[PDB]
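Have a look at the structure below, then the notes.
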Amino acid sequence: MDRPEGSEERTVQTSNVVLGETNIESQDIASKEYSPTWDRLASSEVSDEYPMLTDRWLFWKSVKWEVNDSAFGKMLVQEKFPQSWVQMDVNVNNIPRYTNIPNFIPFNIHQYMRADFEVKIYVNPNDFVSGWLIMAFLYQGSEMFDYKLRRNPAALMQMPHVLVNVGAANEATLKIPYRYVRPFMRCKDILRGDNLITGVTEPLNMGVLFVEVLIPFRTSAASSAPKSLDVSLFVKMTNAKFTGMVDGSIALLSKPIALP
Amino acid sequence: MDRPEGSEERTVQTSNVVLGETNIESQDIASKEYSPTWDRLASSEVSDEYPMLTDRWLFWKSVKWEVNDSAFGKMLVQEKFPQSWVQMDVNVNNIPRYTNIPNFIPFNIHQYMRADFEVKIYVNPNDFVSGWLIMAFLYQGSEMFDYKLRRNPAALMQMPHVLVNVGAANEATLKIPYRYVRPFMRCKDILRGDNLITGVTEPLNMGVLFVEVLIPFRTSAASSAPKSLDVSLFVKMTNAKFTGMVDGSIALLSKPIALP
Amino acid sequence: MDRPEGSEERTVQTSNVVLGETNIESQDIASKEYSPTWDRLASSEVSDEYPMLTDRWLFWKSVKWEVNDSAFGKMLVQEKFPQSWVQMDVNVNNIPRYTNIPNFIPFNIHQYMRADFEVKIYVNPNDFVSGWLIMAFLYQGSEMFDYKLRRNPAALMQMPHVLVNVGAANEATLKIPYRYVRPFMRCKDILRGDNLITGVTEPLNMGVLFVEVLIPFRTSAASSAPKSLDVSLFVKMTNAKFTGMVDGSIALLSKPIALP
Amino acid sequence: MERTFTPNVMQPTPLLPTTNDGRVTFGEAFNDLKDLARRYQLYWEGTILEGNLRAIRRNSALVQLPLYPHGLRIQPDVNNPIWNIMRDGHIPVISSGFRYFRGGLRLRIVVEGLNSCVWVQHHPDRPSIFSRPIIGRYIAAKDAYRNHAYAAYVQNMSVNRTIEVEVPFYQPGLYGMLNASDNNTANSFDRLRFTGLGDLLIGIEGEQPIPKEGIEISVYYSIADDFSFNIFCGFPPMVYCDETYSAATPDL
Amino acid sequence: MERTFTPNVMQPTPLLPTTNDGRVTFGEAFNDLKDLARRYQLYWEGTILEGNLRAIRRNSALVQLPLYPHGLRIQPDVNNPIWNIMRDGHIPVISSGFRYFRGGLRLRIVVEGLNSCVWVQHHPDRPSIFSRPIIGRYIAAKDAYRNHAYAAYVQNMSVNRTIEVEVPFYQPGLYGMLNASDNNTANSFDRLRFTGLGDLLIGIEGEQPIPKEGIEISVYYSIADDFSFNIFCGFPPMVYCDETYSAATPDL
Amino acid sequence: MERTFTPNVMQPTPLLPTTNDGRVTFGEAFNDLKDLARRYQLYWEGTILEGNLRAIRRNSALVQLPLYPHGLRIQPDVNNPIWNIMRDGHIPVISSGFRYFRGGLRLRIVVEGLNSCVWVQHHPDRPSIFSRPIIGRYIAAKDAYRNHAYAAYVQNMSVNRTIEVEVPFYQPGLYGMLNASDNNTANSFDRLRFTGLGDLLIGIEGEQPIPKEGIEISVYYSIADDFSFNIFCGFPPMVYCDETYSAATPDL
């Protein structure tokens, strides 16, 4: 700190949202970036795009990790992505709704959807702590026969990830291009099987986002030293396309099934 | 600190005085800068100038502000400017004298005087405190009918001012161009009225310099942590002109009347 | 610290050794640098050179200085140079041997030797201590009639030296060009006198290397604050030449006589 | 420069398109306080009865009026509803943000109830050191009667009951002080001759008696064309007009 | 990019001169895992007796074989020494590091002990949701008998006891899932039609009886030319083959 | 370079205009210590009586004088007032700041009281390992008598009582050591042949008796033209001459 103002804070703007950062980031990209071509073969209805709504950096969860619950491999976040994020606005009964968040408002009236994603992880520690986080992404991981084994931080180091050095207080961004078995994901619980058929698919489960402890959070032994630290996430969409226009209530949203 | 010497210290030289600074300043100018033209219409005697004496950065007051006397709007300094500065050398009876300070030695032999001023405020805190000062100037403020009401820091924010962030330890310079009802100020108590007339004027009262608490000085609760901080002021003159040569004792200096 | 990695660490490579530094150094050169010409007049046998062995930065001593033994002029190091360094590998009886260290392996088979030297001094303090070291060199100092008087830090300030500011944690390099009474130094104890003659010469005693306390090491009074600090030395050779090939055991190494 | 210093700007949207200070929507622009200060406002107003004047009224003055760009010190009372709830006009509010000035003022004297003649003089070398006017028999002889050689205007009420004059700046210095205090002993000279434009005296010239209701004199004023509000210092703290008469009784 | 991020490099020596992935010392290069995945390995192998088939064997199927690029879920037992100590081949090990794929597979069916004729069909629209094969009389009628219109190959053992076929990629989506779980209810659709190439059925066509030793069917497989291991996610944790049978008994 | 390192300079005034090391005010320059070292100073001085010499004086030596650029180790006593209060000359003070040298010295022997002849020899291969001279009958035979083939000069006192010689540098090495210790056993070779220019012997050649007052020999010395003070190491700590005889007795 050498100025009347503290110092210069870098700025990142998208739509009508402005994010400030002060340090050098840790970055990675889940897969090769590309422009889709086979999505046009999936739907004859024109794909609508709402960039001012979807390209907006939106605030996700805050998760609080303490010294007493910070062990190697501790999962601060284990969420189906982008399902958990898009469905983060629930009612009294933990039933999601796409009706209040402007970024998610197109999900309510469309049956099929696709986009690339970016995730920012913000931690604001003081000058006197030490620790390390790893945020990683696994494409459709929950469907793999060894999913729980891939949860170990040693395994996360090999999938696309970014690191947060609490000793440096760096921000971090993880780019996640769209890759799925189909050129579109489903927004809601539709086309389940019948008496004989079982075609069941989760809405918006492109993969699993992890946030885990690489090196446990440590603090001064002093009493008035913060033994806690909040971890905040931000998400946005790059190439958001929506198709299959429907009434917002033609299909329902179920209570989401959690991960182990 | 990354060198054998600490790091590079910026330097500012004037006459035979050299000031060192280490941080980025907070600056402001009381009014538009200009070159005077109507001062020549006031005196037919040639205006003498003593740049090596007057253009010299001179040390003013040190004022000590503590945690226990640091409240919002606390006045560390409330002084008539430049009167208080030029008259800072007093005798046993608090009577000023222009005879010892080389910068003020022209004031003793001249009746009328004019100059632009610059004020530097130096605070040297450690790395572990927090607080904020505001140094502001009010042109001929004491003569205003609402002067005491303009003393609040909320009012100071609107007059020309500079800020000192104790958390950054920045220096600060306030430029104050000469503006007065007359093209000259008086150096001493002269031409008071008589039995019928009352023409009474204070020497060198171009305005009021404030130094106030914007955000109270705070410290670690530890015992051996400094609960005090000195605030030092420096002043110099830009376009010092003097006219009306007189004997150094033809006119006397009174004990200065203080502000409320 | 503003990056995921801490920050950039400068690197210095020689042979197969790589040294890392993070701060701006303190440097000096014992005497004017030159290319030797009269060494060729001393030996008709071709002078062998082993740059990959000798030009290698080698680790010397670590010396531990504590708060309770850190007084003005305290000698952390007082060693004959380069004797003490080249002979740092001793046996059970404190007898040196040139047979294990690759940098010193040419000293075992040659009778006469010459080179320029460079010495690095590494101290890695935390952010909260204060103190100062001086590392200085005195050409053939032990042979001077006032050697012990030149041991005072006030006297060291006048000989070639470098400084280590514990408050800045800077590295430091002292270059020491070869200067001696003869164009070669002796590797071992050879050609001592006989019954009548006394021609006795110490191996490799080009001078005395000092490391002394300029300003005593000070620490926080807290219990868990390190009251100790290690000082490590590194040495290498620039123009190493060896001549006078002999069997590695034709001449013996004595137990080295220490300095007062 | 700290007063306008804006570091680390975070702006979610672009700026709002201009209307040229109202010129696009309304037919006129609003960009300068100087323009508003040229719209007349009440300076002083009072009623004068025969009892307020000298026993023998030898064409003596009715009002001794000090001239301040920042207006007079207002007295809010039951007899003065305007000053009580409207408080100070726009010009005193504008003036409060500036230290100095150098121009003239434009006045408008409205005299109702008198069938006689009114004389008006400007005394630039005699400005008052108080921020309140002096009425009738309390006016000293030196001012109570028409002085010679001063810039003046004499108007019969039979032709027009409104007098229009412009008062010039005749001060020996660089600036005139705005917002000056009446409690000033350390700088009497500044307060005496470097503050006010000089008193304006309004008197009567005739033998006609004043009606029992009295005459009313209303002086409006505004800034002249050569006037300038000069050095911007802070605004002083303000009072709110909606805190005079409450909306708890919306009609009263 | 963090996965390959190497800050503050400290390198004592220069790099080691190349051999072009072995081409200098040996006559061939080794730079791509795709090449190794094109070297055949065991997919499944079993012995079938008359008792495993339907009582009346009306040219019914012998094996219903699910087709996974990452291979079947191995069962290490006393009867299967290979899976017990060799464990999974190279292809399942390679496959474990990638999420998706889009190509075909190449098979080789070796049938020993049977003098009759063998028929082979590929059912791309009917892939199994389990990672284990179905044998003989446990195969449902819909698959136990030759279906029409499917891509097939019929081979007499008298001419050759080895069948060579290439199974194509006929899936409605972009990718097929590698390393898929058999416990999958939340995404049945993915597991049903976006995972396996479709079952391969191997049956017998003739009236010849099966010898008391039974017939043995060995299916080898490899990656086809149009195949791609697509998105590199992490490797899962591994087991070590030298921890099956110990070297404490160096010969056993 | 740390020895001359001057960071963060703060200089209130400009530099002082030059005089070219005194050449402007006085007629000469003073910029090099080498020039001062070329101004002669006392090296050694003593009185010799018949009793100090051999019983039978066979043209034997009077003084065996070691030659050091940094001078002899002084002995301050009541008989030697100079060394006691003037201490060491300028040359020993200059020499103390340098480690090495490589040149010759210029001597001046002044012999008073003797009417005979004086012989002087230089023994470059025989320099003393002590910093003190040897007198008369204490001089070993090898040096007490004139040796052959050495550079010499023989002077009759009848023609001139002052001898002027220049002693050359005849050493086998690169440098000669300045400020060498007499307590040196670990490096005897350095102290023996790489320190001093070689002894200078001053003897008498005639049968004339020495007066009862004795003869006095005064040797002055200075640096030669080919001399160099070579490597600047620190200065050693000093003593102050005004702390020998106090000013408490201003005349004594």
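Numbering starts fresh at 1 for the residues of each chain in the structure tokens, the chains themselves are lettered A, B, ... in the order given, and ligands are numbered from 1 as they appear.
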
Give one line per residue of chain A that approaches chain B to at most 6 Å, naming the two atoms of the closest pair and their distance in Å to one decimal, counting only C-alpha atoms; sort by chain then ascending residue number and deliver it as CSV.
residue,atom,partner,partner_atom,distance
A:1,CA,B:168,CA,4.8
A:2,CA,B:168,CA,5.1
A:3,CA,B:24,CA,5.0
A:4,CA,B:165,CA,5.5

Please produce, as a tab-separated table, a per-residue contact table for chain C versus chain E (criterion: any atom at most 8 Å away, only C-alpha atoms considered), showing the nearest atom pair and its distance in Å to one decimal, sorted by chain then residue number.
residue	atom	partner	partner_atom	distance
C:5	CA	E:7	CA	6.9
C:8	CA	E:8	CA	6.4
C:9	CA	E:8	CA	6.2
C:11	CA	E:10	CA	7.5
C:13	CA	E:12	CA	7.2
C:15	CA	E:12	CA	7.5
C:16	CA	E:12	CA	4.6
C:17	CA	E:12	CA	5.4
C:18	CA	E:12	CA	5.8

Skipping near chain neighbours, those fewer than 5 positions away, what residues fall within 12 Å of residue 250 of chain C using only C-alpha atoms, listed as a list in words?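 Once the adjacent positions are removed, what remains is residues 108, 109, 110, 111, 187, 188, 189, 190, 191, 244 and 245 of chain C.
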
Next, dump the selected residues to file, keeping only N, CA, C and O atoms, as a PDB file, in the first residue's frame.
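As a result, out.pdb now contains:
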ATOM      1  N   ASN C 108      44.786 -32.635  -5.344  1.00  0.00           N
ATOM      2  CA  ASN C 108      45.450 -33.814  -4.794  1.00  0.00           C
ATOM      3  C   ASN C 108      46.637 -34.268  -5.630  1.00  0.00           C
ATOM      4  O   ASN C 108      47.583 -34.853  -5.109  1.00  0.00           O
ATOM      5  N   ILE C 109      46.578 -34.004  -6.931  1.00  0.00           N
ATOM      6  CA  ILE C 109      47.576 -34.517  -7.861  1.00  0.00           C
ATOM      7  C   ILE C 109      48.476 -33.414  -8.409  1.00  0.00           C
ATOM      8  O   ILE C 109      49.358 -33.673  -9.226  1.00  0.00           O
ATOM      9  N   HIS C 110      48.248 -32.182  -7.966  1.00  0.00           N
ATOM     10  CA  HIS C 110      49.095 -31.071  -8.382  1.00  0.00           C
ATOM     11  C   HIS C 110      49.769 -30.406  -7.189  1.00  0.00           C
ATOM     12  O   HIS C 110      49.233 -30.390  -6.080  1.00  0.00           O
ATOM     13  N   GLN C 111      50.961 -29.875  -7.427  1.00  0.00           N
ATOM     14  CA  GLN C 111      51.773 -29.309  -6.361  1.00  0.00           C
ATOM     15  C   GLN C 111      51.513 -27.808  -6.220  1.00  0.00           C
ATOM     16  O   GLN C 111      51.507 -27.266  -5.116  1.00  0.00           O
ATOM     17  N   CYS C 187      49.518 -26.436  -2.750  1.00  0.00           N
ATOM     18  CA  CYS C 187      48.340 -27.231  -2.434  1.00  0.00           C
ATOM     19  C   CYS C 187      48.517 -27.990  -1.125  1.00  0.00           C
ATOM     20  O   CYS C 187      47.544 -28.272  -0.422  1.00  0.00           O
ATOM     21  N   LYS C 188      49.764 -28.324  -0.806  1.00  0.00           N
ATOM     22  CA  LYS C 188      50.064 -29.110   0.384  1.00  0.00           C
ATOM     23  C   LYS C 188      51.296 -28.575   1.113  1.00  0.00           C
ATOM     24  O   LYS C 188      51.864 -27.550   0.727  1.00  0.00           O
ATOM     25  N   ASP C 189      51.700 -29.269   2.172  1.00  0.00           N
ATOM     26  CA  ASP C 189      52.894 -28.902   2.925  1.00  0.00           C
ATOM     27  C   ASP C 189      54.141 -29.488   2.288  1.00  0.00           C
ATOM     28  O   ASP C 189      54.500 -30.638   2.542  1.00  0.00           O
ATOM     29  N   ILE C 190      54.798 -28.690   1.455  1.00  0.00           N
ATOM     30  CA  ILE C 190      55.973 -29.147   0.733  1.00  0.00           C
ATOM     31  C   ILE C 190      57.168 -28.258   1.031  1.00  0.00           C
ATOM     32  O   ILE C 190      57.023 -27.205   1.655  1.00  0.00           O
ATOM     33  N   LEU C 191      58.336 -28.691   0.560  1.00  0.00           N
ATOM     34  CA  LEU C 191      59.586 -27.938   0.642  1.00  0.00           C
ATOM     35  C   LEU C 191      59.775 -27.158   1.933  1.00  0.00           C
ATOM     36  O   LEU C 191      60.121 -25.978   1.890  1.00  0.00           O
ATOM     37  N   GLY C 244      52.505 -28.929 -11.941  1.00  0.00           N
ATOM     38  CA  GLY C 244      53.318 -29.769 -11.081  1.00  0.00           C
ATOM     39  C   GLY C 244      52.608 -31.056 -10.708  1.00  0.00           C
ATOM     40  O   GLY C 244      52.245 -31.261  -9.552  1.00  0.00           O
ATOM     41  N   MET C 245      52.410 -31.924 -11.695  1.00  0.00           N
ATOM     42  CA  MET C 245      51.753 -33.209 -11.479  1.00  0.00           C
ATOM     43  C   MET C 245      52.542 -34.114 -10.534  1.00  0.00           C
ATOM     44  O   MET C 245      53.732 -34.347 -10.740  1.00  0.00           O
TER      45      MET C 245
END

Show me, as an MDAnalysis selection string, the residues that have an atom within 8 Å of residue 178 of chain F when counting only C-alpha atoms, minus same-chain residues fewer than 3 positions from it. (chainID C and resid 144) or (chainID F and resid 68:70 95:96 98:101 195)

Export of prior selection with N, CA and C atoms as a short mmCIF file (atom, residue, chain, number, x, y, z; two decimals), in the first residue's frame:
data_model
loop_
_atom_site.label_atom_id
_atom_site.label_comp_id
_atom_site.auth_asym_id
_atom_site.auth_seq_id
_atom_site.Cartn_x
_atom_site.Cartn_y
_atom_site.Cartn_z
N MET C 144 50.42 -10.07 8.60
CA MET C 144 50.60 -8.66 8.94
C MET C 144 50.83 -8.51 10.44
N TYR F 68 62.94 -2.11 4.82
CA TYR F 68 61.49 -2.24 4.69
C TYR F 68 60.89 -0.93 4.20
N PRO F 69 60.03 -1.00 3.17
CA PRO F 69 59.36 0.22 2.70
C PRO F 69 58.50 0.83 3.80
N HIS F 70 57.93 -0.01 4.66
CA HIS F 70 57.09 0.46 5.76
C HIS F 70 57.91 0.81 7.00
N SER F 95 52.18 3.30 4.02
CA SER F 95 52.37 1.87 3.73
C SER F 95 51.32 0.97 4.39
N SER F 96 50.80 1.41 5.53
CA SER F 96 49.90 0.60 6.34
C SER F 96 48.57 0.31 5.66
N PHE F 98 48.27 -0.53 2.48
CA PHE F 98 48.47 -1.34 1.30
C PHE F 98 49.12 -2.66 1.67
N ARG F 99 48.79 -3.72 0.93
CA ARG F 99 49.30 -5.04 1.26
C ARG F 99 50.66 -5.32 0.64
N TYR F 100 50.83 -4.90 -0.61
CA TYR F 100 52.02 -5.27 -1.36
C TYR F 100 52.76 -4.08 -1.95
N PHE F 101 53.92 -4.35 -2.53
CA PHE F 101 54.71 -3.34 -3.22
C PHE F 101 55.64 -4.00 -4.23
N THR F 195 59.71 -10.13 1.63
CA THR F 195 59.32 -9.02 2.50
C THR F 195 60.26 -7.82 2.42
#

DSSP strand (DSSP E or B) residues within segment 126-251 of chain E, as a PDB file with C-alpha atoms, in the first residue's frame:
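New file part07.pdb:
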ATOM      1  CA  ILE E 134     -24.687 -63.426 -20.802  1.00  0.00           C
ATOM      2  CA  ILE E 135     -24.242 -67.128 -21.596  1.00  0.00           C
ATOM      3  CA  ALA E 152     -23.799 -60.269 -39.716  1.00  0.00           C
ATOM      4  CA  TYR E 153     -21.196 -62.857 -40.686  1.00  0.00           C
ATOM      5  CA  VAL E 154     -21.619 -66.627 -40.902  1.00  0.00           C
ATOM      6  CA  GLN E 155     -18.533 -68.850 -40.794  1.00  0.00           C
ATOM      7  CA  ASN E 156     -17.961 -72.592 -41.088  1.00  0.00           C
ATOM      8  CA  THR E 162     -11.016 -67.718 -36.407  1.00  0.00           C
ATOM      9  CA  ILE E 163     -13.581 -65.044 -37.219  1.00  0.00           C
ATOM     10  CA  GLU E 164     -12.533 -61.486 -38.033  1.00  0.00           C
ATOM     11  CA  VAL E 165     -15.070 -58.656 -37.885  1.00  0.00           C
ATOM     12  CA  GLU E 166     -15.117 -54.898 -37.394  1.00  0.00           C
ATOM     13  CA  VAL E 167     -17.957 -53.429 -35.329  1.00  0.00           C
ATOM     14  CA  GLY E 176     -19.963 -42.602 -26.310  1.00  0.00           C
ATOM     15  CA  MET E 177     -19.126 -42.792 -22.616  1.00  0.00           C
ATOM     16  CA  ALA E 180     -19.407 -46.188 -17.445  1.00  0.00           C
ATOM     17  CA  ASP E 199     -24.244 -56.321 -28.159  1.00  0.00           C
ATOM     18  CA  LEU E 200     -22.398 -58.851 -30.293  1.00  0.00           C
ATOM     19  CA  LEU E 201     -24.015 -62.261 -30.424  1.00  0.00           C
ATOM     20  CA  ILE E 202     -22.138 -65.457 -31.199  1.00  0.00           C
ATOM     21  CA  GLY E 203     -24.173 -68.546 -31.954  1.00  0.00           C
ATOM     22  CA  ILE E 204     -24.017 -72.007 -33.463  1.00  0.00           C
ATOM     23  CA  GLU E 205     -25.659 -73.136 -36.707  1.00  0.00           C
ATOM     24  CA  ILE E 215     -16.218 -75.598 -26.811  1.00  0.00           C
ATOM     25  CA  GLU E 216     -14.036 -72.619 -25.978  1.00  0.00           C
ATOM     26  CA  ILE E 217     -14.737 -69.145 -27.311  1.00  0.00           C
ATOM     27  CA  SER E 218     -12.019 -66.500 -27.090  1.00  0.00           C
ATOM     28  CA  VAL E 219     -12.839 -62.958 -28.133  1.00  0.00           C
ATOM     29  CA  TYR E 220      -9.933 -60.595 -28.709  1.00  0.00           C
ATOM     30  CA  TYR E 221     -10.464 -56.927 -29.485  1.00  0.00           C
ATOM     31  CA  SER E 222      -8.750 -53.708 -30.453  1.00  0.00           C
ATOM     32  CA  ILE E 223      -9.435 -50.145 -31.504  1.00  0.00           C
ATOM     33  CA  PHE E 229      -9.967 -41.515 -27.232  1.00  0.00           C
ATOM     34  CA  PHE E 232      -8.440 -36.412 -21.207  1.00  0.00           C
TER      35      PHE E 232
END

For atom CA of residue 115 of chain C and atom CA of residue 85 of chain C, determine how far apart the two atoms are, in Å to one decimal place.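 Between these atoms lies a distance of 13.6 Å.
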
Set the distance at 9 Å and use only C-alpha atoms: which residues neighbour residue 42 of chain B once local chain neighbours fewer than 3 positions away are removed? I'd like the list as a list in words.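 The residues satisfying every condition are residues 38, 39, 182, 183 and 184 of chain B.
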
DSSP on the backbone, then: every residue of segment 5-92 of chain C marked alpha helix (DSSP H), written as an MDAnalysis selection string. chainID C and resid 51:54 83:86

Would you mind listing what lies within 8 Å of residue 65 of chain A as a PyMOL selection string, with only C-alpha atoms counted and same-chain residues fewer than 2 positions away left out? chain A and resi 63+67+69-70+76+228-231
